[PDB]
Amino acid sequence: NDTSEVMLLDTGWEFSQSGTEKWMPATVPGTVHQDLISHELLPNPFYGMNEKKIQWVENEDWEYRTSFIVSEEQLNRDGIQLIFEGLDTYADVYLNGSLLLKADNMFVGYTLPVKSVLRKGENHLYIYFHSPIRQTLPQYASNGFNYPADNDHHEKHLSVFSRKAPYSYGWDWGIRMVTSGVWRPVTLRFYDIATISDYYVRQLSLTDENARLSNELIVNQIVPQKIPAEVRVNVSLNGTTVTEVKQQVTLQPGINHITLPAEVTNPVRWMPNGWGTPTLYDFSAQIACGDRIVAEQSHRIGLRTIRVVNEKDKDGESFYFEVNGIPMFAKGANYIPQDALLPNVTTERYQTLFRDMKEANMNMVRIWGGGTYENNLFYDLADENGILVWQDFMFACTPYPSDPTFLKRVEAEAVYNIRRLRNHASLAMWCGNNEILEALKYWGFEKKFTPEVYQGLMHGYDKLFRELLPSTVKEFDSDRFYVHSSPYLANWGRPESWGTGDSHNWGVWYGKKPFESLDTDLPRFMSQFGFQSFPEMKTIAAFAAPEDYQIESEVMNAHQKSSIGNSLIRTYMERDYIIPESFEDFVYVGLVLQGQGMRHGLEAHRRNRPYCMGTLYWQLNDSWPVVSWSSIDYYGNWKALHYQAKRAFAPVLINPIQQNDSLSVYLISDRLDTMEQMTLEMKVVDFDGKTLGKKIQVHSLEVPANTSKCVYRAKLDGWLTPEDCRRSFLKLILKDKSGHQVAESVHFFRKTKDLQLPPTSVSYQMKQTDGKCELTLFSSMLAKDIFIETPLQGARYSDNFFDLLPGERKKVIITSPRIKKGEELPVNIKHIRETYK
């Protein structure tokens, strides 16, 4: 690495409610809430009705302090920097009597020269965190109107004034925990001569024959002299040097601008998940002065082109991603913060989340603008998992101020996070905000303000999202796409805009439209659509006592932030299922419903390629125990929707789709290679296992790369009787020439509430060892949408929420480090027919 010494200021911290003079131990990085929780000074914020009880914290100011030693030799180093990667939010930072910083942007990292304020021996760091409420009450009082941020759960919508995670003020799947604190690491660096303040590896061009890079460095020298040095870039792959370049320089005190070209011939491209390996080079830049490496910095670098094509075309305006020259149908989801308390999210939780996306066959995630610019670990994981990232700037669902001061603050976050993130292979585009132009045009805001205020809001929209933010992107990340908003034009209520750019089709849910509307109401790229579900009972039990197990109990409503959500789920459930009586049965069928309905959408979007070029459902994940649109609950349990997403995103999908009493079958592929001389084979099977008719075979089919194509159509009438349809399913398999199976599907001709489901019994044998449970499942009769339920949080299943077919044995593997030999894991197996008598 280099001759610098880094000291982690991560222990010895204490905190205090300002005004009390009482100091208690603190954890940094961390938050006021966690620190309080860890001394039992707050109840569990996620439990029961506790949300109301923790609100008092946002009205107090909080102080934090620590002390640390600096030695004589440490004090003699040339430079000493103090780095705050995150302060949330209005924080005055004091060191040995000196005010170093009045911080006012959660999303900005601060690097402070501190050599002249440091002392031999003991040093004292104090940080005063003004309440971001108290701090903004006068600002709001001067404003003369309330911004219409309904997700800000307070009479006064103060979120919009602070550069601070929007969701912390509340959201419609969120708890309001307006927290403060040192939310990312604090480090102190003791170094010689200079630091590298920025290292940008800029791809000038990429062909199969050659990668042309420009290594741009900003080096800040802290000593007065003219310093001869040698700048060195080593490019290596898997530990072996690929190319090495050098440059003699003489460094001047202060800032220096150095550029070295580097070329990799016959580069190995980074490819996204499902297209091959996410290959990552190592680039290390070094500043050498004689024998010492005084500063080194490295990046992992993926060589690839990404181009968002947004052009007028026959169908409206396209919106798709072209990766290393090939149009890539995008498959993934909208990501929210994983916790009400950000520093509580662990390295392992990040790691598991990327595993969840990778195993569901996703190749994209959108970091939605109500959360944060994610940490370095998140983008590193997207890099090495081949997951493309759409990064919103942090504006959502409301217009925002656009005064000169507010814009300067935004500019500093825009530049800070662009430079932090621009070397990530995963980083695919920037989006100015979520839904704000939609809000301004369609959400009935004009009726809420005077014409003068509203016009000032429209002009204010332009200065931020059409001027400041695109300008910053153009300046600091000139090869990446920027768009002002998502969706940029299309509105789900306006059929004529559907062919223009991306869509948030909230016609399902908000517009109450049936899932089948997804087959007809098509976008050029679905950047959001979603449906709510209650999480499973083990997650319900984490916030509710069994006495509260009612849809409309007070504790249950405390965990449903959509006021129409419960009835809407019931309205949709009646359309496809028999609504059961017990709460447990409802929750289970609520899971099946969300998974089945959303998957039909994902299918439609893939099937309808190239007119549609992507689908990102709302939402991946949860920040706490709550009813939401997620596919994975707060504890990391996959909902049915996550398994269904995996299936619907499989690189090769057989997609039977039934409309107007007729069945077509499409074969859908995101493989880069064409498959030839394939056979689709299908057979109707009743609920006892008995074939009806013989095998239908379709031979000599080609499945071309990156396409969706009809290969079969047949009417239902004369093909099968109305009664058959209620008592049988269609099995589909796709095999190569030799007869090797590459894909499988099952089709039902009727809605589940109309199937004549047999009362049946699912038996299983279990072999349990340390960390693993291996079940073999049996039912002589079809068992519909089965849910293998265990009480163990975060338990992972090879599969779940699948139909168990008559007489067909099924092996399911469950893993968890909590599983121990000689300790029967409890299993409860539910299926549709059991939910009614």
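Start at 1 and count along the sequence shown; that's the residue number.
When the C-alpha B-factors of 605-613 and 646-654 are averaged, 605-613 comes out higher. Mean CA B-factor, 389-397 versus 76-84: the higher value falls on 76-84. Within the selection 61, 774, 35, 803, the deposited Cα B-factor values reach their highest point at 774. Between the residues 330, 237, 730, 149, it is 730 that shows the highest Cα B-factor in the PDB record. Ranked within its chain, residue 782 lands in the highest third, by CA B factor from the PDB record. Ranked by C-alpha B-factor against the other modelled residues of its chain, residue 687 falls in the highest third. Remark: residue 798 belongs to the middle third of its chain, ranked by C-alpha B-factor as recorded. Remark: residue 121 belongs to the middle third of its chain, ranked by C-alpha B-factor as recorded. Looking at the C-alpha B-factors along this chain, the one for residue 343 belongs to the lowest third.
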